[PDB]
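Just the one chain here, laid out as C-alpha cells, in the form solved without adenosine-5'-diphosphate.
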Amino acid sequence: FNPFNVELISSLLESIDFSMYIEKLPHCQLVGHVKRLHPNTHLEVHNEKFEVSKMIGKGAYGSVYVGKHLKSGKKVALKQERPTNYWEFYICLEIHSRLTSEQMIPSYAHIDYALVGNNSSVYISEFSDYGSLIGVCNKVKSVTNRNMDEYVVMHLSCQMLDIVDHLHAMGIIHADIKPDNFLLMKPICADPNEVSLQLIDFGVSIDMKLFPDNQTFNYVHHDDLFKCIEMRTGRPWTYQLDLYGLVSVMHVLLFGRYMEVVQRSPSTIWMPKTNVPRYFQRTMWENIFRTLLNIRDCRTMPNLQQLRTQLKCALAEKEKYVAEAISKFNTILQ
C-alpha cells in the first residue's frame, strides 16, 4: 500500500466531503485563480491584508515567502503550491482538532489563512525569526566553529520526542521529518519541558484514523537516504518512518553531517555509520538510536517517553554546565 498515492488522497478527501467543509471556513477563501506569489506585493484573504516581502524558497511546484499580517504585525510564511494541496490543509485542521494539551498547541504549525484556487493554494502560517533547525545548526557552527553542544542537542531531542509522541497519539504520521521541518520559535528555557520547537510542513502526512486498525504500508522511497529501515528490508511500516526521521535530525544536530545508516556487522542491527564519541553520553545515544531505528513490528512502537527520561537523567547530571551551554546557545541566536 502507498499512502502518498494522489488518487487515494483524492478518494479519501471526497469520502469525508472535505470541499464542502472548507467552503464554510471563515479563514479559507475559495477563488478562481490564485496569482503567483511575488516579492514586495500584497495579498488578501477576505478582510485580511498581507505584505508579501521576500522569497525564502522556490521550487518546481511552489515557493515560500516571508511577509506580514498588517493588522497583527505578525510575521507570516506564505506557502504556495501547484496543484492545490488540499491534503495539507486537511491534516493541519485535524491536528488542531485533535489536540488537547495546552502545552502542545504551539508545537504544530497552524494554517491561519488559506487561499484556495482552481490552480494553486496559498497557506499562511507563523514565521520564525530563528528559522529551522538546519538554519540554527549551521549558524551555531558558523559562529563557534564547533558542532552544536551535546547537551543542547539532548534538550532539543527531548522536545522533538515529546512533539512526535503527541503527534502519533493523535494517529498522524508526519512522514517527512527532517531538520528543515522543525522551526525554533523562541529561545530555550533550562526546563526540558517547555517547547520552543514547532513541527511544520504536513504536505505528505498520513492520517491513520482513515484506515482500519492494523493497517500498515510497504511503499519504498527510491532514494536511499530517505529509506527507513523497513523500506530497506522488505518490511511493512507505519510510525517507524517518523522515528527514523527523528534519528536523522538528532544525527545532524550532534555531528553536523547527514545520517547514513548501516547494519552493525556482524549484527542485523541498524545504526548510523558514525561512531558516537566515547566521551559523549555514548551508551545513552546508542540506546536512543538503536531503539528508534530497530523496531520489531507495526503493532507496538518504542516508548518515546522512556527515551525522554534517559535524556533528562543525563541533563540532570550536569545542571550547571547545561544552563551555561543553553545561555551560550541563546546568545548566538539573539
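The first residue of the sequence shown is number 1, and the count goes up from there.
Although not depicted, the form deposited with adenosine-5'-diphosphate bound is the subject of the following passage.
Quick one: does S128 come within 4.5 Å of adenosine-5'-diphosphate in the entry with it bound, counting heavy atoms only?
Flag for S128 set to yes.
Exercise: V45 in contact with adenosine-5'-diphosphate in the entry with it bound, heavy atom 4.5 Å:
Residue-level check for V45: no, no contact with adenosine-5'-diphosphate.
Using 4.5 Å between non-hydrogen atoms, is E150 touching adenosine-5'-diphosphate in the entry with it bound?
Taking the distances in the entry with it bound, the answer for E150 is no, it never comes within 4.5 Å of adenosine-5'-diphosphate.
Test of understanding: in the entry with it bound, would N138 fall inside 4.5 Å of adenosine-5'-diphosphate by heavy atoms?
So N138 does not count as contacting adenosine-5'-diphosphate.
adenosine-5'-diphosphate is absent from this chain, but in the entry with it bound, do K79, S132 and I200 each have a non-hydrogen atom within 4.5 Å of it?
Yes, because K79, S132 and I200 each have a heavy atom that approaches adenosine-5'-diphosphate to within 4.5 Å in the entry with it bound.
I need to confirm a contact call. Of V31, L70, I56, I269, which residue comes within 4.5 Å of adenosine-5'-diphosphate in the entry with it bound, counting heavy atoms only?
It is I56 that has a heavy atom within 4.5 Å of the partner.
Interface residue in the entry with it bound among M284, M301, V276, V64, criterion: non-hydrogen atom within 4.5 angstroms of adenosine-5'-diphosphate
So the residue touching adenosine-5'-diphosphate in the entry with it bound, by this definition, is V64.
So which stretch, 99-107, 161-169, 200-208, 223-231, is the one near adenosine-5'-diphosphate in the entry with it bound (non-hydrogen atoms, 4.5 Å)?
Comparing against adenosine-5'-diphosphate in the entry with it bound, the contact stretch is 200-208.
Within 4.5 Å of adenosine-5'-diphosphate in the entry with it bound: residues from 174-205 (heavy atom criterion)
Heavy-atom contacts within 4.5 Å come from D180, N181, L183, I200, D201.
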